[PDB]
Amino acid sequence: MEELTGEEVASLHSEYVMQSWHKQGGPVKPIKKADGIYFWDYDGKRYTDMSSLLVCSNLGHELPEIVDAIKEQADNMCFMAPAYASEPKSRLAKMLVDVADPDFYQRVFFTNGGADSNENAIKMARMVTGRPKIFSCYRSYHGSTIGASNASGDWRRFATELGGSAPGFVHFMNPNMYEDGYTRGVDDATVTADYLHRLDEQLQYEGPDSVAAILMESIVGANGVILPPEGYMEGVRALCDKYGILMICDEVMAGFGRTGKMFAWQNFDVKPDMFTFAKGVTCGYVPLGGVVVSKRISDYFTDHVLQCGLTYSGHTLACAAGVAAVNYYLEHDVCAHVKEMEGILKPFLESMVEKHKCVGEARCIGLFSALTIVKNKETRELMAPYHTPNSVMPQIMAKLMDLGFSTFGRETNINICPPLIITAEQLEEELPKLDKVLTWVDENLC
C-alpha cells in the first residue's frame, strides 16, 4: 500500500474528517501504533493511556487474545444477518447472562454502541410497562442520538433539543456530594435521605403509574466519577419496586471490570431490570453494545413482538471479540487485579487532596477515578463551574499530555481511568506525572 506519512495523516484529517464535539480543521495528533497501555504518534513520542482512551480500552491495546479472536473470525465469517444464529453471538449472549446473573437475566439484545443500547432499553421499557415516561439524571450522559441525548443530563442535550425536547423525558437532580457542599463518609445518610425523597416526590407529581423506567449511570462516569452516597442506589431500586417502574442501569463506561466488579451495579445490592453496555465488552476493538434483560422482560417479548432491530445487531466479528474479551476478564481474574490496583491509585489521589490546594476531592472505585479541581479550597469555588465558557481544564490536560500522561475530563474534573491490565510498577511510574502537573496548577490557577 501507499503508506501515508504522519503529516499526511493529520493533514487529511484536518481537511476531510468531521471531528466529534469540536470545530473542524484544528491541529490534530496522528497516532501510528498502540500496544499495551501505550500509543505512539508518528514522531515516535509515547503516551501512556491513563484514561483507557474514552474509558473503553479496558484490556490495553492490541491484546493478542482479542486481536487473534478477530483474525480467526474474519477467516470464517465477518458478518451474518440477525435472522441467523452464529457461534460467537450465541456464546456471548450466554456468557453475558452468566456473568450478570443467570437466575435473574435471560437475554441480550446486541447493538453497535452505547447510545444504541440506551435507545433500545428506553423503547423496551415503554413497551413492557405500557407507560410513557422515562426518568433520568441531570448529572448523566447516555449518548448523542435524539432519544439517548434527551435522556442525557449534561448540556450536550441542548443541541439535540433544537426543534423541541422529546416527550416523556423527565430529569431529576442527583447528588454530587462534594459539589453540593457535603463530605463523603460523614453525610451519606443525610444526602441519601434528601435526594431519595426529592425523587419520590417528583415521581408522585409526574404520576408513578406513567413512569416506565428510571435510567441511571451505575456510577456517573464522563461527568466525574460521582460516587453516589451510600444507600442511594438501593433506594432508587426500592422506589422502582414500589411503583412498578423498571430500573435501567447504564454500564457503558463503568462496566467490564472498571470498578473491580464485572458490572458496576454489582457494587450495590440491586438487580436492575435491564442494563446497557458497550465499551469494555470488546475494549473498543470492534463496535458492540447491548441490553441485558431480566427473565420477566424476556417473557414479555415471548408473547409480544420485540419492535426493535438494527442491521448489525449481534455482529459476528464483534461478538467473537466479545467472547475473547470476556474470557480474558474471567480467566485472568482481572477484577481482582483491578481491586488490588485500587490500593495504589486511591491512596495516591487522596494524598493529592492533602498535598494540593487545587484538589478538592478524590473519588476512586477500582481503576475508575477522578479529581475535582478547585480554584479555592476554602470556599469550594470550582476551577470550571458547570458548563463554563473557556474552561481552563483543557490547559491542564495538555500539561499532562506533555509528560505522556494522556487523559481527559469534563467540567472541573480530571479522570484517571488507566487500562485494567496496568501494573503496580507502571502506576508508580505515571502517577508522579499527575502530581507534577497538579503542582503547576497550585501555582498558576490557585
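All residue numbers are counted from 1 along the displayed sequence.
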Quiz item: Looking at the deposited entry, does 345-353 or 211-219 carry the larger mean Cα B-factor?
Solution: 345-353
Quiz item: Once you work out the mean C-alpha B-factor for both 243-251 and 175-183 from the entry, which is higher?
Solution: 175-183
Quiz item: Out of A121, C308, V225, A193, which shows the largest CA B-factor listed in the entry?
Solution: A193
Quiz item: Out of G360, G284, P132, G235, which shows the largest CA B-factor listed in the entry?
Solution: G360
Quiz prompt | Assigned third (lowest, middle, highest) for the C-alpha B factor of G164 | solution = highest
Quiz item: With respect to C-alpha B-factor, does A81 fall in the lowest, middle or highest third of the chain as deposited?
Solution: lowest
Quiz item: Mind checking which third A398 falls in for C-alpha B-factor across the chain?
Solution: highest
Quiz item: With respect to C-alpha B-factor, does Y312 fall in the lowest, middle or highest third of the chain as deposited?
Solution: lowest
Quiz item: Taking the entry's C-alpha B-factors for this chain, is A100 in the lowest, middle or highest third?
Solution: middle
